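Heads up, the thing below is written out as structure tokens.
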Amino acid sequence: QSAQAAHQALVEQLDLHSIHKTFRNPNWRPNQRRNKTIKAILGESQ
DNA sequence: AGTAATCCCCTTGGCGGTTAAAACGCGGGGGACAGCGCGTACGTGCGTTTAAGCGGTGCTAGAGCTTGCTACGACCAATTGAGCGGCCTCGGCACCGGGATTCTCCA
């Protein structure tokens with residue numbers, strides 16, 4: 001149905017995953033557990 | 001027939017002591033609890049199919065109610081012995097002591 005095809009076409013148009021970010025450094029990778037909470041970050045004050 | 005003194009009994013309260021149980025101090029250990037990483041196991045979403053739910057049809061078991069009477073328990077009076085209150089004693093269980101065996105912990 002055309003409505004569902006247009007919906008997927010819009011979602012494809014909105015998608016960032018289809019986009020290569022030429023400005024990104026391909027080498028650098030984070031520590032995957034960098035997402036500490038404020039509670040945990042304040043726990044580094046000690 | 002009533003109300004108060006008299007007398008039994010059994011519960012509450014106090015005093016003394018004695019000693020066994022509660023309170024207090026202190027070192028350390030190890031168990032509570034916060035922190036981290038992972039990974040697997042539970043919540044989510046989709047397509048599938050399965051049968052629970054509804055509207056409808058058919059039957060007969062058996063729940064529920066009445067009738068009729070006689071077998072079985074309620075009630076009473078006379079009989080008696082099984083079961084309770086009181087007294088006795090001796091033997092089971094505790095309590096102690098002492099030597100023997102076990103278990104625990106640091107080496």
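Within each chain, counting starts at residue 1; across the structure tokens, chains are named A, B, ... in the order shown, with ligands numbered 1 upward in that order.
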
Practice item. Please identify every residue of chain A that has at least one atom no more than 12 Å from any atom of chain B, counting only C-alpha atoms (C1' of nucleotides), and report them as a VMD selection string. Key: chain A and resid 32 to 33 36 39 to 40 43 to 44

Practice item. Give the alpha helix (DSSP H) residues of chain A, as assigned by DSSP on the backbone, as a VMD selection string. Key: chain A and resid 2 to 14 38 to 42

Just N, CA, C and O atoms for this one: save the residues we selected as a JSON list (two decimals), in the first residue's frame.
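Contents of the output file part-v4.json:
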```
[["chain", "number", "residue", "atom", "x", "y", "z"],
["A", 2, "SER", "N", 0.50, 2.22, -0.84],
["A", 2, "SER", "CA", 1.32, 3.40, -1.08],
["A", 2, "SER", "C", 1.64, 4.17, 0.20],
["A", 2, "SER", "O", 2.74, 4.70, 0.35],
["A", 3, "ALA", "N", 0.68, 4.25, 1.13],
["A", 3, "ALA", "CA", 0.92, 4.93, 2.40],
["A", 3, "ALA", "C", 2.07, 4.30, 3.19],
["A", 3, "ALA", "O", 2.91, 5.02, 3.74],
["A", 4, "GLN", "N", 2.13, 2.97, 3.24],
["A", 4, "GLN", "CA", 3.24, 2.31, 3.94],
["A", 4, "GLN", "C", 4.56, 2.49, 3.20],
["A", 4, "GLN", "O", 5.61, 2.66, 3.83],
["A", 5, "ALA", "N", 4.54, 2.44, 1.86],
["A", 5, "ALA", "CA", 5.75, 2.70, 1.09],
["A", 5, "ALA", "C", 6.27, 4.12, 1.29],
["A", 5, "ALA", "O", 7.47, 4.33, 1.48],
["A", 6, "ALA", "N", 5.37, 5.11, 1.26],
["A", 6, "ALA", "CA", 5.76, 6.49, 1.54],
["A", 6, "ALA", "C", 6.27, 6.66, 2.97],
["A", 6, "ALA", "O", 7.23, 7.41, 3.20],
["A", 7, "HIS", "N", 5.66, 5.98, 3.93],
["A", 7, "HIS", "CA", 6.16, 6.00, 5.30],
["A", 7, "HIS", "C", 7.58, 5.47, 5.40],
["A", 7, "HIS", "O", 8.45, 6.12, 6.00],
["A", 8, "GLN", "N", 7.85, 4.30, 4.82],
["A", 8, "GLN", "CA", 9.22, 3.78, 4.79],
["A", 8, "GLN", "C", 10.16, 4.69, 4.02],
["A", 8, "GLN", "O", 11.33, 4.85, 4.40],
["A", 9, "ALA", "N", 9.69, 5.31, 2.94],
["A", 9, "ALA", "CA", 10.51, 6.27, 2.21],
["A", 9, "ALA", "C", 10.87, 7.47, 3.06],
["A", 9, "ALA", "O", 12.01, 7.95, 3.03],
["A", 10, "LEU", "N", 9.92, 7.98, 3.84],
["A", 10, "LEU", "CA", 10.21, 9.06, 4.78],
["A", 10, "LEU", "C", 11.20, 8.63, 5.86],
["A", 10, "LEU", "O", 12.15, 9.36, 6.16],
["A", 11, "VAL", "N", 10.98, 7.46, 6.45],
["A", 11, "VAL", "CA", 11.89, 6.94, 7.46],
["A", 11, "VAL", "C", 13.29, 6.72, 6.89],
["A", 11, "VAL", "O", 14.30, 6.99, 7.55],
["A", 12, "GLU", "N", 13.38, 6.24, 5.65],
["A", 12, "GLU", "CA", 14.67, 6.15, 4.97],
["A", 12, "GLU", "C", 15.30, 7.52, 4.73],
["A", 12, "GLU", "O", 16.51, 7.69, 4.87],
["A", 13, "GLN", "N", 14.49, 8.51, 4.36],
["A", 13, "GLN", "CA", 14.99, 9.87, 4.18],
["A", 13, "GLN", "C", 15.50, 10.47, 5.49],
["A", 13, "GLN", "O", 16.50, 11.19, 5.50],
["A", 14, "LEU", "N", 14.82, 10.18, 6.60],
["A", 14, "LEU", "CA", 15.23, 10.64, 7.93],
["A", 14, "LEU", "C", 16.45, 9.90, 8.49],
["A", 14, "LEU", "O", 17.11, 10.43, 9.39],
["A", 38, "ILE", "N", 25.74, 10.76, 37.44],
["A", 38, "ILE", "CA", 26.19, 11.81, 38.35],
["A", 38, "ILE", "C", 26.59, 11.24, 39.71],
["A", 38, "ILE", "O", 27.61, 11.63, 40.29],
["A", 39, "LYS", "N", 25.79, 10.31, 40.24],
["A", 39, "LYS", "CA", 26.15, 9.60, 41.46],
["A", 39, "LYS", "C", 27.52, 8.94, 41.35],
["A", 39, "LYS", "O", 28.37, 9.07, 42.24],
["A", 40, "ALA", "N", 27.75, 8.22, 40.25],
["A", 40, "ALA", "CA", 29.04, 7.56, 40.03],
["A", 40, "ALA", "C", 30.17, 8.56, 39.82],
["A", 40, "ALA", "O", 31.28, 8.36, 40.33],
["A", 41, "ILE", "N", 29.91, 9.65, 39.10],
["A", 41, "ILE", "CA", 30.94, 10.67, 38.87],
["A", 41, "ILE", "C", 31.34, 11.35, 40.17],
["A", 41, "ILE", "O", 32.53, 11.55, 40.44],
["A", 42, "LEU", "N", 30.36, 11.72, 41.00],
["A", 42, "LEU", "CA", 30.67, 12.24, 42.33],
["A", 42, "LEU", "C", 31.41, 11.22, 43.18],
["A", 42, "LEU", "O", 32.21, 11.60, 44.05]]
```
